[PDB]
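Single-structure report; data block below.
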Amino acid sequence: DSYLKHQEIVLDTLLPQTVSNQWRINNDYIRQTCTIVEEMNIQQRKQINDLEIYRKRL
Amino acid sequence: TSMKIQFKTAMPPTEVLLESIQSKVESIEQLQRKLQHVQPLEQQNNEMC
């Protein structure tokens, strides 16, 4: 029974190692998405300026 | 005569064991059941990793 508790503890440590790494892959992705948000939002704001300006000039 | 002597000696050695072993069989088998859930959580985490 003491042998089984040592084996069972090794599985739980592998669960934390995978959990720590999958959070890290998500954490790197979250910073990229926020930066891709502002680049798309600035692109949309510049586009809405150009559509309004071209009608105003004509 | 042997089935009288040995099996009554067997039932005494079993029930004296089963008062002690079936408590620690449940300590063994329920900890075996923790392994089959720690393995199933390991595969879906390694798949998501």
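Letters A, B, ... go to the chains of the structure tokens in the order shown; residues in each chain start at 1; ligands are counted from 1 in the same order.
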
Report as a list in words the set of chain B residues whose atoms approach chain A to within 12 Å, with distances computed over only C-alpha atoms.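 The complete set of qualifying residues is residues 21, 23, 24, 25, 26, 27, 28, 29, 30, 31, 32, 33, 34, 35, 36, 37, 38, 39, 40, 41, 42, 43, 44, 45, 46, 47, 48 and 49 of chain B.
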
Could you work out how far CA of residue 38 (chain A) lies from CA of residue 51 (chain A), giving the answer in Å with one decimal? 19.9 Å

In Å to one decimal, how far is CA of residue 58 (chain A) from CA of residue 41 (chain A)?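 Taking CA of residue 41 (chain A) and CA of residue 58 (chain A), their separation equals 26.4 Å.
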